[PDB]
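Enquirer: Submitted below is the structure of interest, expressed as structure tokens.
4 protein chains.
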Amino acid sequence: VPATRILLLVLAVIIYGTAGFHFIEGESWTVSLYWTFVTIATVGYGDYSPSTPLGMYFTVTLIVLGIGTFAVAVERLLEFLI
Amino acid sequence: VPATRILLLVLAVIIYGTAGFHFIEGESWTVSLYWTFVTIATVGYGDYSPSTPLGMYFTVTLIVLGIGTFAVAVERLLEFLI
Amino acid sequence: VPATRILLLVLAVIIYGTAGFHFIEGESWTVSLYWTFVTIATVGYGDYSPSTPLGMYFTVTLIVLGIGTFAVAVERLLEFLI
Amino acid sequence: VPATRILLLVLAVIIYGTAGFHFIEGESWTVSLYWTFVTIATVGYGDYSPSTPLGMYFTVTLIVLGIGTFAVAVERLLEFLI
Ligand SMILES: [K+]
Ligand SMILES: [K+]
Ligand SMILES: [K+]
Ligand SMILES: [K+]
Ligand SMILES: [K+]
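Chains as they are written, first to last, in the deposited numbering: chain A, 18 to 99; chain B, 18 to 99; chain C, 18 to 99; chain D, 18 to 99.
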């Protein structure tokens, strides 16, 4: 896959995760964007996490759709800076 | 391995992790399924974690059997959506 | 590397991590073994973590020496069960 | 990439993460170095995490720039010890 296409795919994941956490769990836009990155990178501090059943389901969907996309994106970014 | 076989293997892991956390640590089915995904993806928020020796042993078995299976499953899912 | 050699290497890592956490941070043998797996798998719940400077230094050494070894071990285990 | 170049790149990441957490979030140099490793390895205990918007933005930049670099560094270290 072209690197720019991978960029678009990870940006779509980031939008999905951020809007979902914001509307389902009620955290600010900024906190939700931070949480999205922390989640799809698999860092998972746990300072923020879903407290509702819908949020838990949503978080599973983000894990399944986002961790692989983020991993490929990081690997492509490696090529362009190294 | 055929992608559908990998799907069955990760589903077996998810059933194992969910039933085990539910019966050993006493969390709800929904929380246990969420915790299973959070664990085998290596996100590990820590909002849920085993509190008993048996739960800690069980969690190690899920880590050993589940992280690799989940990683292959995510990589295969990448092929079918990208 | 032969799979059995990888097994010995990850077992050495597990012994190192477990004894170190036990003696430096003072947690039980069982908790320390659980924490070692949670750490080198990069799950990182945070229910246990080093509280002392020596423990933090030790944990960095385990992260550097252990995450790669564990990742290769999981990948080899995948070959023998799938 | 030559392994020694990868070493320099991960050291640059470690300096960036450590100084940034120290000055933005106000934690000690030692805690900030520990947190940097815990973050770029994706362990993410959560015993330390950014509490400010600037810290959250900075942490995202470290995640994006650091996880891939650390992963390659660990893989190279594997070659030299195994
Ligand atoms: K992780
Ligand atoms: K983690
Ligand atoms: K974590
Ligand atoms: K990999
Ligand atoms: K955590």
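Just so you know, even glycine gets a beta-carbon here, dropped at the ideal spot from N, CA and C.
Quick check: does the Cβ of residue 9 of chain B come within less than 7 Å of any heavy atom belonging to ligand 5?
Expert: Because chain B spans 18 through 99 in this model, residue 9 of chain B falls outside it and cannot be assessed.
Enquirer: Strictly under 8 Å for the Cβ-Cβ distance: is B/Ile-99 near chain A by that measure?
Expert: Cβ-Cβ to chain A under 8 Å: yes for B/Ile-99.
Enquirer: Does DSSP put B/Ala-36 in a helix, in a strand, or in coil?
Expert: helix
Enquirer: On the premise that B/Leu-98 lies in contact with A/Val-89, defined as a C-beta separation below 8 Å, what is that separation, rounded to the nearest angstrom?
Expert: Not a contact, Cβ separation roughly 12 Å.
Enquirer: Tell me, please, whether the region 36-43 of chain B touches the region 72-84 of chain B by the rule of three or more beta-carbon pairs shorter than 8 Å.
Expert: yes
Enquirer: Is there at least one non-hydrogen atom of ligand 1 closer than 7 Å to the beta-carbon of C/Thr-76?
Expert: no
Enquirer: Is A/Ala-58 helix, strand or coil when you go by DSSP?
Expert: coil
Enquirer: Say whether chain D places a C-beta atom closer than 8 Å to the C-beta of B/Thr-59.
Expert: yes
Enquirer: Would you say the region 22-34 of chain A touches the region 21-28 of chain D, given that touching needs at least three Cβ pairs under 8 Å?
Expert: Fewer than three pairs of CB atoms, one per stretch, sit closer than 8 Å, so the region 22-34 of chain A makes no contact with the region 21-28 of chain D.
Enquirer: Mapping DSSP to helix, strand and coil, what is A/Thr-69?
Expert: coil
Enquirer: CA-CA distance, C/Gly-34 and B/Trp-52?
Expert: 25 Å
Enquirer: Measuring only from the beta carbon, is A/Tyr-62 closer than 7 Å to any heavy atom that is part of ligand 5?
Expert: yes
Enquirer: Excluding five sequence neighbours on each side, which residues of the same chain lie with their C-beta closer than 8 Å to the C-beta of B/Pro-67?
Expert: For B/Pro-67, same chain residues with a beta-carbon under 8 Å away, outside a window of 5 residues either side, are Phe-38, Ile-41, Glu-42, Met-73, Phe-75 and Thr-76 in chain order.
Enquirer: Using CA atoms only, rank isn't needed, just tell me which of A/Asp-64, A/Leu-82, A/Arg-22 and A/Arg-93 is closest to B/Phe-54.
Expert: A/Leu-82
Enquirer: Is the CB-CB distance between A/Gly-61 and C/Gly-61 below 8 Å?
Expert: yes
Enquirer: At a CB-CB cut-off below 8 Å, which residues of chain C make contact with A/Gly-63?
Expert: By Cβ distance, chain C contributes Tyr-62 and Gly-63.
Enquirer: Tell me which same chain residues have a C-beta within less than 7 Å of the C-beta of A/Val-48, skipping the five on either side of it?
Expert: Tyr-65
Enquirer: Using Cβ-Cβ distances below 9 Å, what residues of the region 79-91 of chain C are close to chain D?
Expert: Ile-80, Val-81, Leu-82, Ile-84, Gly-85, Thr-86, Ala-88 and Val-89
Enquirer: Does the Cβ of D/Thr-69 lie closer than 7 Å to at least one heavy atom of ligand 1?
Expert: no
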